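We begin with a single chain expressed as structure tokens, specifically the form deposited without the DNA.
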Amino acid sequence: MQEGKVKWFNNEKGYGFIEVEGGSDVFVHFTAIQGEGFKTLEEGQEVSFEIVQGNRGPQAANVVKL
């Protein structure tokens, strides 16, 4: 588990990227977003998350807005 910030997120398509200090960007899909409410993220939002490896490569899991 670790922290990063949302780099960008396309609300219509429901995906974007989390930027990591000193590391590679991590893909995030709306299905990973935790909590109640409409599943979206805004640029600059601080998040915690896990990285998992799927058939398309690394992606975020368990994305919590801080």
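Residues carry their position along the shown sequence, with the first being 1.
The same protein has a further form, the form solved in complex with the DNA, not shown here; the description that follows concerns it.
Proximity of residue 57 to the DNA in the bound PDB entry: non-hydrogen atoms within 4.5 Å are present.
By the criterion of a heavy atom within 4.5 Å, residue 11 is counted among the residues contacting the DNA in the bound PDB entry. Heavy atoms of residue 37 reach within 4.5 Å of the DNA in the bound PDB entry, making it an interface residue. Residue contact with the DNA in the bound PDB entry: residue 7 places a heavy atom within 4.5 Å of it. Counting a residue when any of its non-hydrogen atoms is within 4.5 Å of the DNA in the bound PDB entry, the hits in 13-28 run 13, 14, 15, 17, 25, 27.
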